[PDB]
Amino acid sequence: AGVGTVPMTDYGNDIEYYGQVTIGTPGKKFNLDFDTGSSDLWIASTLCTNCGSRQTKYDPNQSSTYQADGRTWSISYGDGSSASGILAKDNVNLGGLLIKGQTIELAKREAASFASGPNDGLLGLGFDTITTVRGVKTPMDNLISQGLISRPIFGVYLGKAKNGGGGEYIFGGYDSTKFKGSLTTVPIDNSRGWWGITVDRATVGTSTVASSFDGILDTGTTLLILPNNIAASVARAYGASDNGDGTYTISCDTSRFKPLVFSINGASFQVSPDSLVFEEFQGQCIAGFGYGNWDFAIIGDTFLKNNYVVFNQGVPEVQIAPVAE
């Protein structure tokens, strides 16, 4: 693949997407979840006492460029999962771009959800204002300062399991074969460390199910999580029923459903009818949208797998366009 290009693997029915990253010297390949919702780069290590036997573990002794660090780290994600350990320093190769002396976080303990997951850790693509340890420069920070990318951007394509899955991140550029039409520029509010945008309105058919609301572009979240009232409004438009756990039960037959259309900065972006159904279990389908007790929306994979996004950390801003398919 081209320079800075990292092919992604689609896990399950668009649950999450991970890519290979080489760490250390000579180095081992790790499968990391690329998460724009966090800013820590942590991986399972041989110091971990409750990690999965299926995960590839970083071994300090096997890297000639390992450098000890006396600091510890601890992180707790929204979905309740967590991990903790010690910091370290080593080289990280991202799609051919060798970041030297990147601060990496070695897990000594991780939640069962991680031990049973398909990845060996996470690569945080959020802003450095939310790194769990103050003073830690993120991979994007270092790609920029070390001159590995000429433009402070990364293009993101997330495929659909129904179309063969896959996906691809391009650091320092983007691929126009992945989207149709012109890209629309959208300003980003990074005041909270996330890629926050404003959605002007949401419609289903001729019905305006929601007015302007704020949300964050989170590749680390599977569903489109909307604030209580907005989620209920959308649910009524599709006749979905509340499961009482933040998710909805929706008809498995999406042939009759109209797409959920978001109006952003004057352009229309949608969640296709097929994307309205996340998973089917024993004849029952769970909706691609859910609800949380937040005042803002978490715009996850359900939306991203339908729209190509170019993240620009420098401005900051994003450029969006409907995916080609």
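Heads up: residue numbers just count along the shown sequence, starting at 1.
Participant: Quick check on the record: does 244-252 or 123-131 carry the larger mean Cα temperature factor?
Facilitator: Going by the record's values, the stretch with the higher mean is 244-252.
Participant: Comparing 171-179 with 158-166, which stretch shows the greater average C-alpha B-factor in the deposited entry?
Facilitator: Higher mean C-alpha B-factor in the PDB entry: 158-166.
Participant: Taking the Cα B-factors listed in the entry, which of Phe34, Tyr58, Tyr291, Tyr66 comes out highest?
Facilitator: Answer for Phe34, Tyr58, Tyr291, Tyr66: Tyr291, with the highest C-alpha B-factor.
Participant: Which of these has the highest Cα B-factor in the record: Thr221, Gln102, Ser113, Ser233?
Facilitator: Of the options given, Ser113 has the highest CA B-factor in the PDB entry.
Participant: Can you tell me whether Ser45 has a C-alpha B-factor in the lowest, middle or highest third compared with the other modelled residues of the same chain?
Facilitator: Within its chain, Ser45 is a lowest-third residue by C-alpha B-factor, going by the deposited values.
Participant: Within this chain's modelled residues, let me know which third the CA B factor of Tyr17 belongs to: lowest, middle or highest.
Facilitator: Tercile = highest for this residue's CA B-factor.
Participant: Lowest, middle or highest third: where is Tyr11 by Cα B-factor in its chain?
Facilitator: For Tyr11, whose C-alpha B-factor we compare with every modelled residue in the chain, the answer is the highest third.
Participant: Determine, from the deposited record, the chain-internal third of the Cα B-factor for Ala237: lowest, middle or highest.
Facilitator: It belongs to the highest third of the chain when residues are ordered by C-alpha B-factor.
Participant: Could you look up the Cα B-factor of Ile299 in the entry and say which third of the chain it sits in: lowest, middle or highest?
Facilitator: It falls in the bottom third of the chain.
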